[PDB]
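# Structure assessment
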Amino acid sequence: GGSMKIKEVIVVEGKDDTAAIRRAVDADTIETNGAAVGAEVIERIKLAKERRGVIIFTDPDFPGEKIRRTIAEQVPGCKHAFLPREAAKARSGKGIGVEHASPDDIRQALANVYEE
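### What to know about the overall build of the protein chain
- Per the secondary structure count, the protein chain includes five helices and four strands.
- Against the 2.2 N^0.38 benchmark of 13 Å for 116 residues, the protein chain shows a C-alpha radius of gyration of 13 Å, consistent with a compact globule.
- Accessible area for the protein chain stands at about 6700 Å²; split by element, carbon and sulfur atoms hold 48% of it.
- Looking at charge distribution, the protein chain has the averaged site of its 19 positive side-chain charges lying 1 Å from that of its 20 negative ones.

Structure follows, in C-alpha cells:
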C-alpha cells in the first residue's frame, strides 16, 4: 500500500506532465504550456505559492529549464524538483521527460525538495 500526497501546487509544462504526476502522487498541478506565460497564470501561481507553496517540475533540457527560470523570476520563493540523475538521462527509460518518468522517480524528485 502507501501513497504520497503533496501539499504544494506543482507547476508543469503540459497535460502529459500532469498525467505522469497523478500516476505517482495525489497533487494539484498548474500547466504553463510553455515559457510565454500570461499574467493571469503567474497570478494563480503566486496565490498558490503564498497559500500552499509551489514546486516547479520541468524537463531537464533547454525548453524545460527556460520555463523553470521564467517562473522562478516572476514568482519568488518557488521550490524546484528535479528527476534523479539516472532518470534524467536520455538513454535510460523512455527519455529525459517528466511525462515519461516512473512513479517512484517522480516521488523521489518531489521528496528531494524537503529537508527531512
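### Describing the sheet that holds strand β3 (residues 54-56)
- With parallel pairing, four strands are arranged side by side in an open sheet as β2-β1-β3-β4. This sheet does not close on itself; its edge strands, each paired only once, are β2 (29-31) and β4 (79-80).
- In the sheet, strand β1 (residues 9-12) pairs with β2 via three bridges, with the strands oriented parallel. Counted as the bridge partner of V11 is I30 from β2.

### Some words on the side chain of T70
- Position of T70 among the secondary structure elements: in helix α3 (residues 62-74).
- On the basis of relative accessible area, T70 is assigned to the buried category, the value being 11%.

### With respect to the nonpolar core
- Counting residues in each nonpolar core, the largest one holds 19 residues, and the members touching the most others are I10, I21, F57, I106 and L110.
- Within the residue set of this core, elements represented by two or more residues are β1, α1 (15-22) and α5 (103-111).
- Here this core takes three residues from α5, the largest share from any one element.
- The residues touching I21, leaving out its near neighbours within four places in the chain, are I10, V12, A27, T29, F57 and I106.
- Membership of the second largest hydrophobic core comes to 14 residues, among which are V9, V37, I45 and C78.

### Looking at the side chain of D59
- By the secondary structure assignment, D59 is in the loop between β3 and α3.
- Despite its burial, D59 pairs with no opposite charge, the nearest such side chain being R68 at 8.1 Å.
- Within the structure, the side chain of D59 is placed 3.0 Å from the backbone nitrogen of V98, a separation counted as a polar contact.
- Discounting chain neighbours no more than four positions away, the residues touching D59 are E13, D17, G64, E65, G97 and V98.

Thresholds, definitions, all that
- Residues numbered from 1 in each chain as written, not as in the entry; some residues may be left out.
- Heavy atoms only, no water.
- Helix = DSSP H or I, 4+ residues; strand = E, 2+ residues; numbered from the N terminus.
- Rg over C-alpha atoms; globule rule 2.2 N^0.38 Å.
- Areas by Shrake-Rupley, 256 points an atom, 1.4 Å probe, with all protein chains shown as cover.
- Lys, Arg positive; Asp, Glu negative; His and termini not counted.
- Charge placed at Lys NZ, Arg CZ, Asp CG, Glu CD.
- Pairing = 2+ DSSP bridges.
- Buried < 20%, exposed > 50% of the residue type's maximum accessible area, 1.4 Å probe, protein only.
- Core = buried A, V, L, I, M, F, W, Y, C linked by side-chain atoms within 4.5 Å.
- Contact = heavy atoms within 4.5 Å.
- Salt bridge = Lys/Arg side-chain N within 4 Å of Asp/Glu carboxyl O.
- Polar contact = N/O pair within 3.5 Å; in protein donor to acceptor, adjacent residues only side chain to side chain.

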